[PDB]
Every structure is written in C-alpha cells, then in structure tokens.
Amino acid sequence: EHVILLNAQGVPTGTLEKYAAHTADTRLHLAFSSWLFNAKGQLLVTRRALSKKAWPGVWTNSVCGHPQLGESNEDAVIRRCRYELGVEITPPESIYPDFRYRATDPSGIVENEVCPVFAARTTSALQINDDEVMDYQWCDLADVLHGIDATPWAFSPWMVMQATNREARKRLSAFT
C-alpha cells in the first residue's frame, strides 16, 4: 500500500509507502472518511485497533483509509468496508468533498490529508477484522454529535472536525 502525495494546490506529486508516509512530519496526501449507517439509521462508531500506527485505541467514524493509484475515492470506501468490517454498502455519497486537515497524535504521528468524506448504508452483517477495529457501537447520530461537541478529545481529530463543519453536519443528518 501507498498514499498519493499532493501539493498545496491538491495536485498529485507522486506516492509513498503508506506506513512510512506517516511520521512526525507527514506530507500532504490523499485519504477518505466514510460514515456508515444501518437500516435503523444508526451510525457505526469504531475504535481503531491498538496496533494502528496513528491514533491507536481511538474512537472514530466508521471507516477511513487511503485511496491507491487508479482507484476512485468511492471504490476505496467499498474496499476498506470489506477489508475492515466485512461489510457490504450502498454507493458512497459525498458529504464533505473539500475536507483537509493536519493533526498530531499522542505519540506525535501526524496525519496531513486532503480527506473527502462519504456516507453509506450497510447492507450485510459486520464481520469485524480485529487488526483494524477493537470495538464498535451502533448509535444515534445526535448522541454522537453531542459527545463530539462536549468531549472532542474523546474522538479522532478528523471525526470532530468533520462533524463540526456546519454543512457536513447538516448532510449527515439528512442522510439518516
């Protein structure tokens, strides 16, 4: 696996091996986030495994990852859902296409990402890959946005920043 590197204008400049790309000074690169919802409209919140290099053991939105050369964002969403969660989904929908953030984890690993955000509904049962996910919960969207506004440090920085965008929050609601 790799990440697709980008310049300040969002123009691909090459690739780097995924694990090696995330450091104390992570170069800007291509990622996605997806918010997964069940038939009942409940959001899937996941706790990343303790083995993840960046933000291990951290509560976060359903599935995030890094698109590869030649892959659309939406196919990246699909592949990681199957890979991390064992689960089929409806076509991912755009929720926040221009999200970009940079952040430092407790051990000082930076994420530096142009990170389009998607939403989808699950269409099969989860089958959890515990190399990726250590814990999950189905819940009410509004409950999660209240935890986020009250205790942001309890969640991943990209989750909080995503959910705190006025329009992104309004689209996630409408989605449910």
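Start at 1 and count along the sequence shown; that's the residue number.
- As recorded in the PDB entry, 100 to 108 is the stretch of 75 to 83 and 100 to 108 with the greater mean C-alpha temperature factor.
- Of all the options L145, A119, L50, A31, the entry's greatest CA B-factor is assigned to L50.
- Ranked within its chain, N129 lands in the highest third, by CA B factor from the PDB record.
- Ranked against the other modelled residues of its chain, the C-alpha B-factor of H2 as given in the entry falls in the highest third.
- When the modelled residues of the chain are ordered by C-alpha B-factor, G10 sits in the highest third.
- Residue-level temperature factors show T26 in the highest third of its chain, judged at the C-alpha atom.
- In the PDB entry, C64 places in the middle third of its chain by CA B-factor.
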